[PDB]
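First comes the structure, then the notes that go with it.
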Protein chains: 2
Amino acid sequence: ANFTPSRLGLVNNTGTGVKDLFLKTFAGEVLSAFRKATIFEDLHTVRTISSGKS
Amino acid sequence: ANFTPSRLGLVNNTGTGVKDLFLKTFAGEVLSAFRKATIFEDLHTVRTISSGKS
């Protein structure tokens with residue numbers, strides 16, 4: 001060693017908590033959720049009408 | 001017979017122990033130990049940050 005650096009991390013250079021002046025950081029990646037599977041979109045018949053109620 | 005060797009190792013030519021005045025050699029290889037398998041180094045993501053506590 002043979003050195004006494006300030007460590008640049010303690011207010012008043014006393015006690016624990018050497019990273020209170022350092023803040024937590026954003027890692028950079030959002031997690032979100034997984035997508036489910038949809039199989040019934042096919043396997044049946046789809047039609048389209050221009051007007052009416054049924 | 002017709003031969004009385006001194007055996008080059010006996011002390012005072014009394015009793016047994018013809019190998020009392022001999023020393024061992026160094027073969028020239030250190031054995032050491034094996035290395036375990038480390039599989040969990042990968043299989044997870046490693047990030048790095050410059051400052052902060054978390």
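In the structure tokens, each chain is lettered A, B, ... as it comes, each chain's residues begin at 1, and ligands are numbered from 1 in order of appearance.
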What residues in chain A lie within 7 Å of chain B, counting only C-alpha atoms, written as an mmCIF file with N, CA, C and O atoms, in the first residue's frame?
data_model
loop_
_atom_site.group_PDB
_atom_site.id
_atom_site.type_symbol
_atom_site.label_atom_id
_atom_site.label_comp_id
_atom_site.auth_asym_id
_atom_site.auth_seq_id
_atom_site.Cartn_x
_atom_site.Cartn_y
_atom_site.Cartn_z
ATOM 1 N N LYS A 19 -20.898 4.964 -0.750
ATOM 2 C CA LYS A 19 -21.531 5.180 -2.046
ATOM 3 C C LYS A 19 -22.908 5.818 -1.902
ATOM 4 O O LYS A 19 -23.812 5.531 -2.689
ATOM 5 N N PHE A 22 -22.915 8.325 -4.585
ATOM 6 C CA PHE A 22 -23.079 7.624 -5.850
ATOM 7 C C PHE A 22 -24.481 7.035 -5.901
ATOM 8 O O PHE A 22 -24.928 6.398 -4.942
ATOM 9 N N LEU A 23 -25.171 7.250 -7.011
ATOM 10 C CA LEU A 23 -26.563 6.849 -7.142
ATOM 11 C C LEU A 23 -26.672 5.553 -7.934
ATOM 12 O O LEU A 23 -25.791 5.213 -8.729
ATOM 13 N N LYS A 24 -27.759 4.824 -7.700
ATOM 14 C CA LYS A 24 -28.021 3.621 -8.474
ATOM 15 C C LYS A 24 -28.298 3.989 -9.928
ATOM 16 O O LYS A 24 -28.787 5.079 -10.236
ATOM 17 N N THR A 25 -27.963 3.071 -10.831
ATOM 18 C CA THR A 25 -27.915 3.369 -12.253
ATOM 19 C C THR A 25 -28.890 2.500 -13.033
ATOM 20 O O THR A 25 -29.280 1.415 -12.594
#
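Copy-to-copy comparison places chain B at a Cα RMSD of 1.5 Å from chain A, following a least-squares fit over all residues.
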Residues near residue 12 (chain A), anyone? I mean within 12 Å using only C-alpha atoms, not counting same-chain ones fewer than 6 positions away, as JSON, numbers by chain. {"A": [6, 18, 21]}
